[PDB]
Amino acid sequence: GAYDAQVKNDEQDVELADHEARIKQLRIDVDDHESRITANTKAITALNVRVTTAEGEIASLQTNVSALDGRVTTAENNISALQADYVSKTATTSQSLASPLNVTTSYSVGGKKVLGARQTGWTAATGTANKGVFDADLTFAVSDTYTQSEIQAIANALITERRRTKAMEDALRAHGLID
């Protein structure tokens, strides 16, 4: 024996040196891991803040877009109602109102004034109005001597004429062209 002990101590020393080197490298690696995962934890923590902020802006946006969608839908329906109901300056097909109409100063057709303000200062004619048979080519016989029937005919036609003047006046008054 004797020799075996020296051999054993040397080989134990060899293993000790191997353990020492491997522990050193483990220590290096773990010290390296400590810093890096700590950095990751801080990076993850910071990311949650940003994601939370973004979530706070997305649900806000989703609400505003929904509100705007409602406003535009309302607007589109107001436009559609107007489009069907408004009186156009350019439309060529005759347009009709369900109401009376009042305008300032004049009504015109094709750019020339045809209707204005009511003409006042009229005293309404009285008597009979003639809207019946009326012949403007009615003539009258006039002899060289006085004939009652011929003067009666003239007077009769004067009456029918005055009664037709009143009838026309009545029509103007009823419309409102004169007072």
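From 1 onward, residues are counted along the sequence shown.
Checklist entry - 1 to 9 versus 169 to 177: which one carries the higher mean Cα B factor per the record? => result The stretch with the larger average C-alpha B-factor is 1 to 9.
Next on the checklist: Highest mean C-alpha temperature factor of the two stretches 53 to 61 and 37 to 45, which is it?
Outcome noted: Taking the mean B-factor of the alpha carbons in each, 53 to 61 is higher.
Item to check | Highest-ranked of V87, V109, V72, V103 once sorted by CA temperature factor in the record | outcome: Answer for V87, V109, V72, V103: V72, with the highest C-alpha B-factor.
Item to check | Most elevated Cα B-factor in the entry, residues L26, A67, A124, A129 | outcome: When the deposited C-alpha B-factors of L26, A67, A124, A129 are compared, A67 is largest.
Item to check | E150 - Cα temperature factor, lowest/middle/highest third of chain | outcome: According to the entry, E150 has a C-alpha B-factor in the chain's middle third.
Checklist entry - Is the Cα B-factor recorded for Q119 in the lowest, middle or highest third of its chain? => result Middle third, going by the recorded CA B-factors of the chain.
Checklist entry - Of the three thirds of its chain by CA temperature factor, lowest, middle or highest, which one includes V133? => result Answer is middle: the recorded C-alpha B-factor places it there.
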